[PDB]
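Asks: There's a structure below that I have some questions on.
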Amino acid sequence: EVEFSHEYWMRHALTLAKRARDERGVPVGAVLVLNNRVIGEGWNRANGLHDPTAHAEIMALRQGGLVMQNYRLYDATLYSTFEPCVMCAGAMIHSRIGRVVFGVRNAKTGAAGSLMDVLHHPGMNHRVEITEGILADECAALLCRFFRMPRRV
Amino acid sequence: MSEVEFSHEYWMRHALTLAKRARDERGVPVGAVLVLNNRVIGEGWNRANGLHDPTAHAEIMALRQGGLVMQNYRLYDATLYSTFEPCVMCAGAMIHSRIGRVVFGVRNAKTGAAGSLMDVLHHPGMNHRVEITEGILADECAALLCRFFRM
Ligand SMILES: [Zn+2]
Ligand SMILES: [Zn+2]
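Just so you know, the sequences run in chain order A and B. The first sequence begins at 3 in the authors' numbering and counts up one residue at a time. The second sequence begins at 1 in the authors' numbering and counts up one residue at a time.
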């Protein structure tokens, strides 16, 4: 897509979601971007990592803190193929990231407007901007484990 | 009073000792220990700045260490003792851990997600319900908010 755009980074998250094919649930892929540069990548690997927190968004935030040598990732934007859960939404507030961009909503456990809104809770110390709908048609297909293979040349 | 072995107050004192290792972190020192069948399977304290990990909270390390020993990201029937009420990020990890009970001492009137800022653990839309027990060693845990330790 157009370079350094929301749809551009969403395609990177869609590719990473394929690594979560052998996980119980919707495959989620996440990428953490700061100043048009990748500082963190992640996919769902709870069973593969024996970590109850090994979500796509969390692995991207965990890798970003190692790259930035700081648990605070100011002005960073996190691209996820799925609406964050209550655990992932809480991690973005503590990371103080600038924005989360997810494609399709999680009408079962999503914490960005569906089941609740943890990112926009009035009692929070940080506000993370929310942008939804980026590559929504392809991200919605991830709910049924569908991936795209378009025509080449 | 009397603190029986393998009891809630017994494990809370173990978490209070672990909290000393998080004294050099921005915020109140929190200590957590994960217990399954009266055996320690996970320990943790605040190490966000020391490890460059925004998720390096006390309860999360116990769940992360617990998942490593249990060889399973699902820690059924496990009890998590923390010196502080969990935040929104830690409380979300306990739902995914499928632990049986969380035991925290004092409430977190700033970032707590177990009654203070919200109650996510008992939300009806969750796939798992974690039992809540609060107030265990509250006096020794409330002093931890002001960096006070008993001698
Ligand atoms: Zn999540
Ligand atoms: Zn926490």
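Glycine included, each C-beta is placed from N, C-alpha and C at the ideal position.
1) Which residues, taken in chain order from the segment 78-92 of chain A, show a beta carbon closer than 9 Å to some beta carbon of chain B?
2) With 8 Å set as the bound, which would you pick, yes or no: does the beta-carbon of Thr55 of chain B sit closer than that to a beta-carbon of chain A?
3) Are there any heavy atoms of ligand 2 lying less than 7 Å away from the beta-carbon of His57 of chain B, as far as the coordinates show?
4) Which chain A residues sit within Cβ distance under 8 Å of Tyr73 of chain B?
5) Measuring alpha carbon to alpha carbon, tell me which of A:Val88, A:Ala48 and A:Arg39 ends up nearest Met118 of chain A.
6) For the segment 106-138 of chain B, which residues have a beta carbon sitting closer than 9 Å to at least one beta carbon of chain A?
7) Check the C-beta distance from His52 of chain B over to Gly67 of chain A and give it rounded, since I have them as a contact under 8 Å.
8) Would you say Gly31 of chain A lies against chain B (beta-carbon separation less than 8 Å)?
9) Can you give me the Cβ contacts of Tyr10 of chain B inside the same chain, cut-off strictly under 6 Å, excluding the 5 residues immediately before and after it?
10) Just confirm the distance between the C-beta atoms of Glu85 of chain B and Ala114 of chain B, as a whole number of angstroms; I'd bet it's less than 8 Å.
11) State the beta-bridge partners of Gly42 of chain A as determined by DSSP.
12) Once DSSP output is grouped into helix, strand and coil, what is the label at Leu121 of chain A?
13) Would you list the residues sitting across from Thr79 of chain A in a DSSP beta bridge?
14) Once DSSP output is grouped into helix, strand and coil, what is the label at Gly67 of chain B?
15) Is the shortest distance between the beta-carbon of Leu63 of chain B and the beta-carbons of chain A less than 8 Å?
16) How many angstroms separate the CA atom of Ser97 of chain B from the CA atom of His123 of chain B?
17) Once the 5 residues before and after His128 of chain B are set aside, which same chain residues still bring their CB inside 6 Å of it?
18) Nearest to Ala78 of chain A by CA position, among A:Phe149, A:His8, A:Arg150 and A:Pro152, is which residue?
19) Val106 of chain A bridges to which residues according to DSSP?
20) Terminal residues of the continuous beta strand (DSSP E) containing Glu9 of chain A?
21) In terms of residue numbering, what span does the beta strand (DSSP E) encompassing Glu134 of chain A cover?
Replies: So, from the listed chains and residues:
1) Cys87, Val88, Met89, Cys90, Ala91 and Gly92
2) Translated into positions along the second sequence, residue 55 of chain B becomes position 55. For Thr55 of chain B, the answer is yes, since a Cβ of chain A falls inside 8 Å of its Cβ.
3) The count along the second sequence starts at 1 and reaches residue 57 of chain B at position 57. Yes; taking the cut-off as 7 Å, the Cβ of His57 of chain B has a heavy atom of ligand 2 nearer than that.
4) Translated into the one-based positions of the second sequence, residue 73 of chain B becomes position 73. Residues of chain A whose Cβ lies closer than 8 Å to the Cβ of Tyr73 of chain B are, in chain order, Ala48, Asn49, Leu51, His52, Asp53, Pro54 and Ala56.
5) Start at 1 with the first residue of the first sequence, and residue 118 of chain A comes out as number 116. When only C-alpha atoms are compared, the closest one is A:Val88.
6) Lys110, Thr111, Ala113, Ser116, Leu117, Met118, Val120, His123, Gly125, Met126 and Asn127
7) Here residue 52 of chain B refers to the residue found at position 52 when the second sequence is read from its first residue. Here residue 67 of chain A refers to the residue found at position 65 when the first sequence is read from its first residue. About 4 Å; that satisfies the 8 Å criterion.
8) The residue labelled residue 31 of chain A in the question sits at position 29 within the first sequence. For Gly31 of chain A, not one C-beta of chain B is nearer than 8 Å to its own C-beta.
9) Stepping through the second sequence from its first residue, residue 10 of chain B is reached at position 10. Close CB contacts of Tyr10 of chain B within its chain, under the 6 Å cut and outside five residues either way in sequence, are with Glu3 (chain order).
10) Here the question's residue 85 of chain B lines up with position 85 in the second sequence. Here the question's residue 114 of chain B lines up with position 114 in the second sequence. That belief holds up - the Cβ atoms of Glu85 of chain B and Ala114 of chain B are roughly 5 Å apart, short of 8 Å.
11) Position 40 of the first sequence, counted from the start, is the residue given in the question as residue 42 of chain A. DSSP lists A:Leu34 as the beta-bridge partner residues of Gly42 of chain A.
12) Position 119 of the first sequence holds residue 121 of chain A. Correct three-state label for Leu121 of chain A: coil.
13) As a working note, residue 79 of chain A is residue 77 in the first sequence. The partner list for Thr79 of chain A (beta bridge, DSSP) reads A:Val35 and A:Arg101.
14) Start at 1 with the first residue of the second sequence, and residue 67 of chain B comes out as number 67. Helix at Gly67 of chain B.
15) The count along the second sequence starts at 1 and reaches residue 63 of chain B at position 63. Judged by the 8 Å Cβ criterion, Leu63 of chain B is in contact with chain A.
16) In the second sequence, residue 97 of chain B corresponds to position 97, counting from 1. In the second sequence, residue 123 of chain B corresponds to position 123, counting from 1. In a straight line, the C-alpha of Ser97 of chain B is about 16 Å away from that of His123 of chain B.
17) To locate residue 128 of chain B, count along the second sequence from 1; it is residue 128. Listed in chain order, the non-local C-beta contacts of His128 of chain B below 6 Å within the same chain comprise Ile95 and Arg98, local neighbours out to five positions each way being set aside.
18) Translated into the one-based positions of the first sequence, residue 78 of chain A becomes position 76. Per the Cα distances, A:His8.
19) Taking the first residue of the first sequence as position 1, residue 106 of chain A is located at position 104. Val106 of chain A pairs with A:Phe84.
20) Counting from 1 along the first sequence, the entry for residue 9 of chain A is found at position 7. No beta strand (DSSP E) contains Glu9 of chain A, which is instead part of the alpha helix (DSSP H) from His8 to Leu18.
21) On the first sequence, residue 134 of chain A is found 132 positions in, with the first residue counted as 1. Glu134 of chain A -> beta strand (DSSP E) spans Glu131 to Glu134.
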